[PDB]
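J.: I'd like to ask some things about the structure below.
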Amino acid sequence: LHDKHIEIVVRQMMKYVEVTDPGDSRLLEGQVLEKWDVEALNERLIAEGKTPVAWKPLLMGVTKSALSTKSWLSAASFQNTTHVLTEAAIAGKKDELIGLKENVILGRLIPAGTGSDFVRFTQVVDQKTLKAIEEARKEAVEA
Amino acid sequence: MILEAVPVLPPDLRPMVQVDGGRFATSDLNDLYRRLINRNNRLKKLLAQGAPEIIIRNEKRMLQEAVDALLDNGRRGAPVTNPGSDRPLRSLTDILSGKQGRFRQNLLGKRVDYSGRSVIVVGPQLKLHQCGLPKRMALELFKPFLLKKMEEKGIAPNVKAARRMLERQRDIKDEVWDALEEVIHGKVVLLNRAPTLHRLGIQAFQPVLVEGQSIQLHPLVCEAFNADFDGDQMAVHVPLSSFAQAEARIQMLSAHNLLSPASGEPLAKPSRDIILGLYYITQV
Amino acid sequence: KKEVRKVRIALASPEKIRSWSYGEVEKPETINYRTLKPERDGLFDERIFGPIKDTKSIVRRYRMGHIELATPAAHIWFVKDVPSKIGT
Amino acid sequence: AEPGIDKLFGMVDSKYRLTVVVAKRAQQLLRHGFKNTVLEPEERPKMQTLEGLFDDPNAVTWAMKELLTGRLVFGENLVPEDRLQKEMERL
Amino acid sequence: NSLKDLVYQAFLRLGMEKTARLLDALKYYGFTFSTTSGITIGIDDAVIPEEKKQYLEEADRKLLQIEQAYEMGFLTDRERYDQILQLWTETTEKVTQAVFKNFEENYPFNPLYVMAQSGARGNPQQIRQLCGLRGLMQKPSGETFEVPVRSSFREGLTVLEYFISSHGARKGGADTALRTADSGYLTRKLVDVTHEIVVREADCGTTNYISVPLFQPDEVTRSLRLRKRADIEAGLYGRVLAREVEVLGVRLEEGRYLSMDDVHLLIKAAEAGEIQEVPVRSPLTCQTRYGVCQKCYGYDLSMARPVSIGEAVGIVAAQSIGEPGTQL
Amino acid sequence: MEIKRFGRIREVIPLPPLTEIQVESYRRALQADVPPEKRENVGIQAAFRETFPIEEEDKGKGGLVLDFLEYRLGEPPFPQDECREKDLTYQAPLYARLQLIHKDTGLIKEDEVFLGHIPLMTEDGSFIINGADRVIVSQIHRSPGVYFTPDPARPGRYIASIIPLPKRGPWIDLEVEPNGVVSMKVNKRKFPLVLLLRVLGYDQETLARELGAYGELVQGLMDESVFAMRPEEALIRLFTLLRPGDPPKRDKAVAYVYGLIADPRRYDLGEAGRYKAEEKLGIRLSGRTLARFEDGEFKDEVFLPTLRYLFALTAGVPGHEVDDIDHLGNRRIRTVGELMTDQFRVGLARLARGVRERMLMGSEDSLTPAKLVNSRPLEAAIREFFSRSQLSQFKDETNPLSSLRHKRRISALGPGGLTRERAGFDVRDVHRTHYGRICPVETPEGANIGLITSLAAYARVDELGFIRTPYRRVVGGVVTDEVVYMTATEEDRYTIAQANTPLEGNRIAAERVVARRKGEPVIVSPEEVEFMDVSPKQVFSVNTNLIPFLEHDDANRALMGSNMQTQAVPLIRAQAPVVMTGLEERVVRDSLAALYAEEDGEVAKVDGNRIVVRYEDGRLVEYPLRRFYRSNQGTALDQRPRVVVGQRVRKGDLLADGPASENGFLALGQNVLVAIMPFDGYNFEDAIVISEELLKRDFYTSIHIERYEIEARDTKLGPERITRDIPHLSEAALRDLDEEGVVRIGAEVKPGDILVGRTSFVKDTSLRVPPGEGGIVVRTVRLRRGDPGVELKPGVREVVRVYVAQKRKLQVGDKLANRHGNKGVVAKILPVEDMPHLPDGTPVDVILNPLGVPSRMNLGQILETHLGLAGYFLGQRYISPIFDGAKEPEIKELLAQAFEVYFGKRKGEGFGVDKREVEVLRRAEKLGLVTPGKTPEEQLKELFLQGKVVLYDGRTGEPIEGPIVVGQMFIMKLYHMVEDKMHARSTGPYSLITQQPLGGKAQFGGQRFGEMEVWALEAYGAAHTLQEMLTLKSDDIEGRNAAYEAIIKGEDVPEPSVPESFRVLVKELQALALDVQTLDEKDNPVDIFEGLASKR
RNA sequence: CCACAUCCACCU
Ligand SMILES: [Mg+2]
Ligand SMILES: [Zn+2]
């Protein structure tokens, strides 16, 4: 078995940090490392105010990492509907339709594979129609 | 955060169905709603008539317990159906949660229209990008396509005539078989093994019409699936849209998947009998 | 016509509950055995959930009812969860 | 397999883009009908019992053999999308 | 193994259609020649080497010695059990070696030996059980029986030996029936936790990497030795070099995917003693928002070419990890 | 055709009746045959005498004395034939003689009161409940008594457990806590046992010289001396320690409920709980349990011995006296009789409560017949036990062996409070005491592994769930013919030899003899041997004993071969295996499927449906035959006559064959010529290549009968009439529907053809042949409201059932297997011309892939193939025991004789050795198979000794390089249900809650796509495939309808919409206080519904 | 109509 898959799972295992020096939020709370990176970049450079959000990485099991996610649909459908739905009901959780499980739930196009925005739309025209429309383009460029 | 008015589920989401001889089978939702309605009506009447404080308090506790039982059953006591059947009533949470709940039946798409299943047999004469499909199940699976094809020619006047022609097998004709062969010239079907452990448990194939009841499978894919020929069965699905047909024929065709995704080791490697023959021929 | 982008989950006010429902159920009478038609204003009332005869019957799949309790009650989820949200 | 999957993969950056291109070409070939092909004169699919592969037995093979030649172009935004997308559905 | 290497090389150097045609031709000719060659299994094909006979006698003699060694008080119960287990597990390996040596020397074209040498069917342990002896049998408590099974399936097992082997049969059945469920639960956990990873990317400006080692840090208390070829291949094949490295007069440019030939060259160079760690990109250091980039992910796929942008690598990763668990 | 047997063992005793367990258990439960005056009381009479005799001293109208005198039952309402034809119960009414006495004058005795109908066991050992027949399987659990278990945490001490029954009763647990606490927890609360001991009438001095004399742990109880000086008020404080709130002045409320009858178990005297008591400790246990109530005070016969024994084990060492939880001597079997008795006494207790309540309400006294006892509770309990219990399960009548095995199966599971599915890993493994009592191989693979098993062939439950194994007595060096049945506890004290040890008749012929000291294989001297194994057959089950060469097989393949022997369908012309073990005749005789002559006599008349036989006494008896009886699983049960008119018969002689018997021999399968070689690809991994010879002559063919049923019922719109005429259209197809509504017998029916014409309110709702297959109508039965003795579901005016029979033949879909677990599926049916054939004209029938032999470990099939090759030319059958079969030299000599006959026949016509044979022999010489320097004659003879002969390809004519092993194998066709049939649908029924399609009887129903398949599908780049297969092809009703219309129109499918499952989820969320709505790119709600959510 | 419960099997 190759190491790429284990590395993917390990990276998803510890994608969470908890801050020690509070910034604009509480201190002993843990959430996504990448969100804290964005917050630090906004606070120090993008906006004025040098408030170091001094964090430490937190390593949690596979189940805890899966349960504590921004999107409530996957967490609700994964392990325990009651607690996840209660938490997502306390605060209005606008589930952004990122991730494949949510799109499977809603039945819409999967963000991965063919549905990726990189290849989602790709206009295709044969030689003669392309030539006609390009002739229209260059005749729009007068003289 | 506490609720004053309790919502009521639409009736078809909790239907009462005749079973036999006038008896009604009903979901526990109807029973819980009936109990809550009766208790609320009793509380309204009691508050209207008089105020015996202890009875009113007992009725308040009883109504609160009824509401809690409707919302979720088992968290406090275990309200049950009519005595004689000690099966706890199914509440909204039981519908939602559980190994068999609304989330674990809509996330999965538990049922498909254009699908079948049958026992698999070895397909040694087949090429690696082909699978043997019994002609009766192939005709049934491609029924609308067959109807359109025979409407294109003069087999039937209208689609209703074609459907009534195909509804009884005593009307089978060689022209129908030729039309069916013409329909599936470029189509592909997805073969699946019941435990789908990895990505290769679903594989596209070009169907070839065969006579029999079993599905002919290429020997070289006997390892991609964990499928021997000791009586195991496999399922077949038919994608409809040309978009899905192109997807299956390009990126799920068995001819394009020769190496593992877990490692570089091939899965289309020669199997036991081929290895034995090649070892015997190439021995000194 | 617009595409779905986000799914929001939140608490529902009693005003929201009353806005959802079309009338209130008062009788605990599901359906009479002799008259296969709905009995009264109960859980299967004709005029509270839509026509049962072929709008289609699909309206009855989506129309919701409501019960106006004379006494307030709290959701069991917010009182029996391991972190008691009302309790915290 | 199918004719020249290797060069089909070679001429595209990703396989998924190739799938999108071939499927969009197939959809065009369907809803226009098979008239606006760039392989009409001599090189066409050949059916076995007759020449039934002239009209429409399976369009994915049409689109693939059509893309095997150099008369097709594909890109993220090569032509004004609004005009052709409004002419796509209203005719 | 030769056929697998042949198929891999043909896929690498020819493509898709040619590899499939080669596989079809190989299958057809293998069927034809296996049919015409006439491989059959009879009871006389399970040849019992004569030397193993005296082997048992020797072991028996040693057994008796250990027995009297226990009656003089020189050994404890644990010591005696360990000695018996070691003696029997050594004579079992000796009998297996003798059986295979006899097959090599006397009957090169024996169906059992031919199937064992090739990758068709069977293992040396199974061939020993057929022709030699299935000595050691595990107790339901988890330990191993003191008394072995002298007979084999070529001969007739005693009633007690069969009753003892039923223990292992039941253990295997129950272990399968439960470990399958445990592996399925693990697979579901991994799929759900990892389902969000998809390769959507412009090449992230990651000036970070991981240094994959090439030497085992501890096989003895204090010693360094080269890792196994399989481990190095599973750690390096299909990766992207973090920075340019020149090891044997060849300039491996930065950003070059490591093919199998590059892995072999690096292994040979490490054997020569030039480098000890390979700096390569890894998903662990990728800076992508939700997923990993094409460079930080790598080069291994069903095909050989680098990963296409938009592939759900998380679910295939979880499936790849969880699939062997059911067969573990 | 001769029969040659190989094993040299003198079976001192024959096999016991293989179904005697259930039959004897039920005959002991119901004592109808014996007069009621007889001493026999255990069973239903025990329950009556225990629970029924209610007494009331002073409660309103006191003096109520309802006593039991006798019970009787002697007439079933109907014979079992129409009890199966009509869905009745083969039961008998139970009558009881009751009498009422009050404190005043009065003898109100009612001789007959009906109280429920109890089912009656059939001759074979099954019951008929509602038409079909069921079997009640035996249960295994913890035997009641006194056990000792090491503490889970503390290693120096342990606990004692006295276990009565039922659960709502005592469960005495004694623990020794190191602070000097003798804890006794009865139900949920711990208690110092010293107070109870003081209540029992024991003072400190007798406790000292009777318990503390030897052990120093008496200080752990004697330390509590401050509070042990009360004779009687100790009972009052003991009751006060309990929390019922009752006044302390209740001397015999709870202190006595643990007395004689109520709480303590009434385990059968001597063995059920006394043997677990008297043998384990003490000397005897007088009475049923510990109690005295003749003087108000209390006595014990368990507590003092248990304390003494526990202190002896924890302080000293009487022996290794700790009870194993899985030791089979401590486990007990509740057979059908015990379960029925328990349910009957539960019903009797309910009836007792009812009659007590009625007496409390009732005023006068002359009301004994009706106003006291009502049959409803007991009858309801009995019916519930016989219908909806877990151990009362559908009979498996695939073949006589299947029925017998199902009848002699033992289950660890049961009501639910004993053993349960999800966690049973510790008890699934076999035990050292299962040797000779439980088959270690018969367990079924799957979730139900280890929990469900079958007892040994020689195993026998004696009277109380204790399996006994036979053993021959050995005195000194002579083996005595005396045979004793021993329990596990009794067995654990002697040294037991093995049946394979050399014997000189009545003398041990070996110096070193293998034996089992206590489940441990040891080697001893003959003088130290006390008992001998009767036979190897006592170690395995009946089904496992049918495998000839079990000694050369792996445990797993032997397991599955025994399992698949159960599910082999009976064939039209089935024949006994060439190689047998010797239990086939016993299996067919003990399973009541064939007919045997009860007495010496001469046959008078023989027909296809009855046989009239006149015995020696001059009495003539007619035996009818179930000519074509549909089984439970849909197979055919036939009795074929095997005697001729005017033929003398002996006692026990065969008269008619069973469903799967050739001539008094178990014959479920065929004997075919098998060649163990790999064909082209058609036997690749486990597939099987078969000849068309097996099909040209009907050789693998079975009759399958399907029973359709349709009922006309009274609806509010109007009763439905079973009438011939069809309302709207079908009149051309009405020709087959000959009579009024019912199709004529003997008319072939295809799928989609009318079977029964029923008209509803008029609308055509007629039973048609479902899609798939249909055969020949053989029988039709009609039940109407004009009931002779039949009862129907209320609201249903009539019902009609049609049996359709078809003659299934072997094809590609079917699967075949042998007794050694070599499963296979027929992959190709080759013509006769192109298959491998011998040097003679005879071709092989089946070709098997050799690669399945070494990967697994099944060499028994190779020995069977060699012996069948010998017997094919010798024309004789062989019987070989499982562990005393034929030695290899014997098989070699038989093969030498067979080759002599074969090649002599070859040379008779004047033929030598073919050139192809010459080149094959030289090639084999290069391979070392045959010694060089010998002529082709003896070279070919030596090759034949190996079991391999030269084969010719047939397709090319050139011989197959190298010799090929060929022989005769017993290959049988397994049970073949709809599993092979293609459940392929394109459009069918949809569910109500969600619109995901699932059909069944009407249409096959959709195939599952689960989540693992979804994960695989999205592991690829396929997104539109998943999108259409979750919405377009699964749930979106408008999407699927539009796609169907577009495909009919030959246009591309439309874009899918939101699936109805998500709408269901949204509405279920809105049912709670939740609030979910889909949003646009901005915070603008988007209605998933068109306009239906919006009001008006 | 197919709901749910219980049981027996088959393929991993
Ligand atoms: Mg299989
Ligand atoms: Zn990166």
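Just so we're on the same page: first chain in the structure tokens is A, next is B, and so on; residues restart at 1 for each chain, and ligands are numbered from 1 in the order they show up.
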Please identify which residues in region 66-275 of chain B DSSP calls strand (DSSP E or B) from the backbone, and express them as a ChimeraX atom specification.
T.: /B:80,88,115-122,130-134,189-193,202-210,215-217,233-237,253,259,266
J.: Considering only C-alpha atoms, give me a table of residues in chain B that are at most 8 Å from chain C, with the closest atom pair and distance in Å for each, as CSV.
T.:
```
residue,atom,partner,partner_atom,distance
B:1,CA,C:11,CA,7.1
B:2,CA,C:74,CA,3.9
B:3,CA,C:74,CA,5.5
B:4,CA,C:72,CA,5.0
B:5,CA,C:68,CA,4.7
B:6,CA,C:67,CA,5.1
B:7,CA,C:66,CA,4.4
B:8,CA,C:65,CA,4.4
B:9,CA,C:64,CA,5.5
B:10,CA,C:64,CA,5.0
B:11,CA,C:44,CA,5.9
B:12,CA,C:61,CA,5.3
B:13,CA,C:61,CA,6.5
B:22,CA,C:33,CA,7.5
B:30,CA,C:43,CA,7.3
B:33,CA,C:43,CA,7.5
B:34,CA,C:28,CA,4.7
B:35,CA,C:28,CA,7.3
B:37,CA,C:28,CA,5.6
B:38,CA,C:28,CA,5.7
B:40,CA,C:69,CA,6.3
B:41,CA,C:26,CA,7.2
B:43,CA,C:70,CA,7.4
B:44,CA,C:70,CA,6.4
B:60,CA,C:71,CA,7.6
B:64,CA,C:73,CA,6.3
B:67,CA,C:73,CA,7.4
B:68,CA,C:76,CA,5.5
B:71,CA,C:76,CA,6.6
B:72,CA,C:76,CA,6.9
B:75,CA,C:80,CA,7.4
```
J.: Store the residues of this selection in a file with C-alpha atoms, as a short mmCIF file (atom, residue, chain, number, x, y, z; two decimals), in the first residue's frame.
T.:
```cif
data_model
loop_
_atom_site.label_atom_id
_atom_site.label_comp_id
_atom_site.auth_asym_id
_atom_site.auth_seq_id
_atom_site.Cartn_x
_atom_site.Cartn_y
_atom_site.Cartn_z
CA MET B 1 -36.19 27.70 21.87
CA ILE B 2 -39.10 25.94 23.56
CA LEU B 3 -42.00 25.24 21.21
CA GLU B 4 -45.57 26.51 21.64
CA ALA B 5 -47.14 25.03 18.48
CA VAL B 6 -46.16 21.51 17.43
CA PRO B 7 -45.82 20.89 13.67
CA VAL B 8 -47.65 17.94 12.12
CA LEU B 9 -46.11 15.82 9.37
CA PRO B 10 -47.90 15.52 6.02
CA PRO B 11 -50.29 12.55 5.91
CA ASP B 12 -48.54 10.63 3.11
CA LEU B 13 -45.33 10.71 5.15
CA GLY B 22 -60.15 -3.99 6.24
CA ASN B 30 -50.10 8.50 13.72
CA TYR B 33 -50.03 12.32 17.09
CA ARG B 34 -53.34 10.81 18.24
CA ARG B 35 -52.06 10.53 21.80
CA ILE B 37 -54.01 15.46 20.34
CA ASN B 38 -56.12 13.57 22.89
CA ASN B 40 -54.01 18.37 24.61
CA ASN B 41 -57.80 18.28 24.19
CA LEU B 43 -55.93 19.58 29.10
CA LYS B 44 -57.92 22.29 27.31
CA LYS B 60 -49.31 19.13 32.83
CA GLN B 64 -45.09 17.28 28.76
CA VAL B 67 -44.77 15.85 23.83
CA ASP B 68 -41.30 14.54 24.69
CA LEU B 71 -40.39 14.29 19.68
CA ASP B 72 -38.08 11.47 20.79
CA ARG B 75 -34.89 9.40 26.37
#
```
J.: Would you pick out the contacts of residue 159 (chain B) at 9 Å or less, using only C-alpha atoms (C1' of nucleotides), so that residues sharing its chain but fewer than 6 positions from it are not included, and give the list as JSON, numbers by chain?
T.: {"B": [147, 148, 150, 151], "F": [1048]}
J.: Write out the residues from the selection above, keeping C-alpha atoms, as a JSON list (two decimals), in the first residue's frame.
T.:
```
[["chain", "number", "residue", "atom", "x", "y", "z"],
["B", 147, "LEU", "CA", -39.31, 0.14, -28.30],
["B", 148, "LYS", "CA", -37.83, 3.21, -30.00],
["B", 150, "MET", "CA", -38.66, -1.05, -33.45],
["B", 151, "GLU", "CA", -40.75, 2.11, -33.83],
["F", 1048, "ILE", "CA", -39.39, 6.76, -26.09]]
```
J.: For chain B, list the residues within 7 Å of chain E, counting only C-alpha atoms, and write the list as a ChimeraX atom specification.
T.: /B:127-128,197-199,255-262,264,266,269-279,281
J.: Give me the residues near region 19-29 of chain A as an MDAnalysis selection string, where near means some atom within 8 Å (using only C-alpha atoms (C1' of nucleotides)) and where sequence neighbours in that chain fewer than 2 positions away do not count.
T.: chainID A and resid 17 31 51:56
J.: Any residue with an atom at most 7 Å from ligand 1 counts, using only C-alpha atoms (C1' of nucleotides) and all ligand atoms. Which are they? Put them as a PyMOL selection string.
T.: (chain B and resi 227-232) or (chain G and resi 11-12)
J.: Taking only C-alpha atoms (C1' of nucleotides) and all ligand atoms into account, which residues are within 8 Å of ligand 2, as a VMD selection string?
T.: chain E and resid 201 203 to 206 281 to 283 285 to 288 292 to 297
J.: Could you give me, as a PyMOL selection string, the residues within 8 Å of residue 487 (chain F), counting only C-alpha atoms (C1' of nucleotides) and dropping anything in the same chain fewer than 2 positions from it?
T.: chain F and resi 329+466-469+485+489-491
J.: Set the cut-off to 10 Å and count only C-alpha atoms: what are the residues of chain F that reach chain A? Output as a VMD selection string.
T.: chain F and resid 1014 to 1015 1018 to 1032 1035 to 1036 1056 to 1063 1065 1069 1073 to 1079 1083
J.: Grab the residues selected above and save them as a short mmCIF file (atom, residue, chain, number, x, y, z; two decimals), in the first residue's frame with N, CA, C and O atoms.
T.:
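Written out: selection-v8.cif:
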```
data_model
loop_
_atom_site.label_atom_id
_atom_site.label_comp_id
_atom_site.auth_asym_id
_atom_site.auth_seq_id
_atom_site.Cartn_x
_atom_site.Cartn_y
_atom_site.Cartn_z
N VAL F 1014 -21.64 3.70 -4.29
CA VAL F 1014 -21.57 5.15 -4.51
C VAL F 1014 -20.15 5.64 -4.34
O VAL F 1014 -19.66 6.46 -5.13
N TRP F 1015 -19.46 5.16 -3.30
CA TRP F 1015 -18.07 5.55 -3.08
C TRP F 1015 -17.19 5.15 -4.26
O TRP F 1015 -16.33 5.92 -4.69
N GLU F 1018 -18.03 7.50 -7.34
CA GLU F 1018 -17.45 8.83 -7.24
C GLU F 1018 -15.94 8.80 -7.02
O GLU F 1018 -15.31 9.86 -7.07
N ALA F 1019 -15.36 7.63 -6.79
CA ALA F 1019 -13.91 7.50 -6.82
C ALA F 1019 -13.39 7.72 -8.24
O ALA F 1019 -12.33 8.33 -8.43
N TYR F 1020 -14.12 7.22 -9.23
CA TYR F 1020 -13.89 7.63 -10.61
C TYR F 1020 -14.29 9.09 -10.78
O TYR F 1020 -14.75 9.76 -9.85
N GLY F 1021 -14.12 9.60 -11.99
CA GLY F 1021 -14.60 10.93 -12.28
C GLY F 1021 -16.07 11.01 -12.61
O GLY F 1021 -16.57 12.10 -12.91
N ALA F 1022 -16.77 9.88 -12.58
CA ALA F 1022 -18.18 9.84 -12.95
C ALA F 1022 -19.03 10.66 -11.99
O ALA F 1022 -19.19 10.29 -10.82
N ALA F 1023 -19.58 11.77 -12.47
CA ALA F 1023 -20.48 12.60 -11.70
C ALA F 1023 -21.90 12.59 -12.25
O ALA F 1023 -22.86 12.56 -11.48
N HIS F 1024 -22.04 12.62 -13.58
CA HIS F 1024 -23.37 12.57 -14.17
C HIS F 1024 -24.01 11.20 -14.02
O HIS F 1024 -25.24 11.10 -13.87
N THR F 1025 -23.21 10.13 -14.05
CA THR F 1025 -23.75 8.80 -13.80
C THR F 1025 -24.36 8.72 -12.41
O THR F 1025 -25.50 8.26 -12.24
N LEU F 1026 -23.63 9.20 -11.40
CA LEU F 1026 -24.15 9.22 -10.04
C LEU F 1026 -25.36 10.14 -9.94
O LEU F 1026 -26.33 9.82 -9.24
N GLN F 1027 -25.32 11.28 -10.63
CA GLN F 1027 -26.43 12.22 -10.57
C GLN F 1027 -27.72 11.60 -11.11
O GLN F 1027 -28.79 11.75 -10.51
N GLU F 1028 -27.63 10.90 -12.24
CA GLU F 1028 -28.84 10.29 -12.79
C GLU F 1028 -29.25 9.05 -12.01
O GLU F 1028 -30.43 8.71 -11.96
N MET F 1029 -28.29 8.35 -11.40
CA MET F 1029 -28.64 7.12 -10.71
C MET F 1029 -29.12 7.37 -9.29
O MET F 1029 -29.69 6.46 -8.68
N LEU F 1030 -28.93 8.58 -8.77
CA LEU F 1030 -29.54 8.96 -7.50
C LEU F 1030 -30.86 9.69 -7.67
O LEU F 1030 -31.71 9.61 -6.79
N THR F 1031 -31.04 10.41 -8.78
CA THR F 1031 -32.25 11.20 -9.00
C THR F 1031 -33.06 10.73 -10.19
O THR F 1031 -34.25 10.45 -10.05
N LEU F 1032 -32.45 10.65 -11.38
CA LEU F 1032 -33.21 10.33 -12.58
C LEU F 1032 -33.74 8.90 -12.55
O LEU F 1032 -34.91 8.66 -12.85
N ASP F 1035 -35.25 8.46 -7.80
CA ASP F 1035 -36.23 9.12 -6.95
C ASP F 1035 -37.04 10.21 -7.64
O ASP F 1035 -38.24 10.33 -7.38
N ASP F 1036 -36.42 11.01 -8.50
CA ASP F 1036 -37.09 12.19 -9.06
C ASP F 1036 -38.22 11.73 -9.97
O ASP F 1036 -37.98 11.29 -11.10
N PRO F 1056 -31.85 16.56 -14.30
CA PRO F 1056 -32.59 16.08 -13.13
C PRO F 1056 -32.92 17.21 -12.16
O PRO F 1056 -32.35 18.30 -12.21
N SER F 1057 -33.85 16.92 -11.27
CA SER F 1057 -34.32 17.87 -10.26
C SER F 1057 -34.00 17.34 -8.87
O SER F 1057 -33.31 16.33 -8.70
N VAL F 1058 -34.52 18.03 -7.86
CA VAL F 1058 -34.25 17.64 -6.47
C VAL F 1058 -34.96 16.32 -6.17
O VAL F 1058 -36.17 16.20 -6.39
N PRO F 1059 -34.25 15.31 -5.67
CA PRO F 1059 -34.90 14.02 -5.39
C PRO F 1059 -35.93 14.14 -4.28
O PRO F 1059 -35.82 14.98 -3.38
N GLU F 1060 -36.94 13.27 -4.35
CA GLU F 1060 -38.01 13.28 -3.35
C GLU F 1060 -37.51 12.87 -1.97
O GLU F 1060 -38.16 13.22 -0.97
N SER F 1061 -36.40 12.14 -1.88
CA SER F 1061 -35.86 11.77 -0.58
C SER F 1061 -35.40 13.00 0.20
O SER F 1061 -35.61 13.09 1.41
N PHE F 1062 -34.77 13.96 -0.49
CA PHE F 1062 -34.38 15.19 0.19
C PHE F 1062 -35.60 15.99 0.62
O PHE F 1062 -35.57 16.62 1.69
N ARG F 1063 -36.66 15.99 -0.18
CA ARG F 1063 -37.90 16.65 0.24
C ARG F 1063 -38.49 15.98 1.47
O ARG F 1063 -38.98 16.66 2.38
N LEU F 1065 -36.76 14.38 3.74
CA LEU F 1065 -35.90 14.76 4.85
C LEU F 1065 -36.20 16.18 5.33
O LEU F 1065 -36.24 16.44 6.53
N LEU F 1069 -37.57 17.18 9.00
CA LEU F 1069 -36.91 18.19 9.81
C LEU F 1069 -37.90 19.27 10.25
O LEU F 1069 -37.90 19.68 11.41
N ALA F 1073 -38.98 21.19 15.66
CA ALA F 1073 -38.83 22.64 15.72
C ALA F 1073 -37.78 23.18 14.77
O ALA F 1073 -37.48 24.38 14.82
N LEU F 1074 -37.21 22.34 13.91
CA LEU F 1074 -36.13 22.75 13.03
C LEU F 1074 -36.66 23.65 11.91
O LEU F 1074 -37.86 23.84 11.74
N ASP F 1075 -35.72 24.20 11.14
CA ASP F 1075 -36.06 25.10 10.04
C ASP F 1075 -34.94 25.02 9.01
O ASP F 1075 -33.85 25.54 9.24
N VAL F 1076 -35.22 24.37 7.88
CA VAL F 1076 -34.23 24.18 6.82
C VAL F 1076 -34.81 24.70 5.51
O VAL F 1076 -35.94 24.36 5.13
N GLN F 1077 -34.04 25.55 4.83
CA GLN F 1077 -34.40 26.05 3.51
C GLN F 1077 -33.14 26.21 2.68
O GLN F 1077 -32.08 26.56 3.21
N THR F 1078 -33.26 25.95 1.39
CA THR F 1078 -32.14 26.13 0.47
C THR F 1078 -32.00 27.59 0.10
O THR F 1078 -32.98 28.31 -0.10
N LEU F 1079 -30.75 28.04 0.00
CA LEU F 1079 -30.44 29.44 -0.29
C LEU F 1079 -29.82 29.57 -1.67
O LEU F 1079 -29.23 28.63 -2.21
N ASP F 1083 -28.37 35.61 0.15
CA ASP F 1083 -29.30 35.15 1.18
C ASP F 1083 -30.75 35.31 0.71
O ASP F 1083 -31.57 35.99 1.33
#
```
J.: If we count only C-alpha atoms (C1' of nucleotides) and set the cut-off at 10 Å, which residues sit around residue 183 (chain B), ignoring sequence neighbours fewer than 3 positions away in its own chain? Please answer as a list in words.
T.: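 My list of contacting residues is residues 139, 142, 145, 146, 148, 149, 150, 177, 178, 179, 180, 186 and 187 of chain B; 57 and 58 of chain D.
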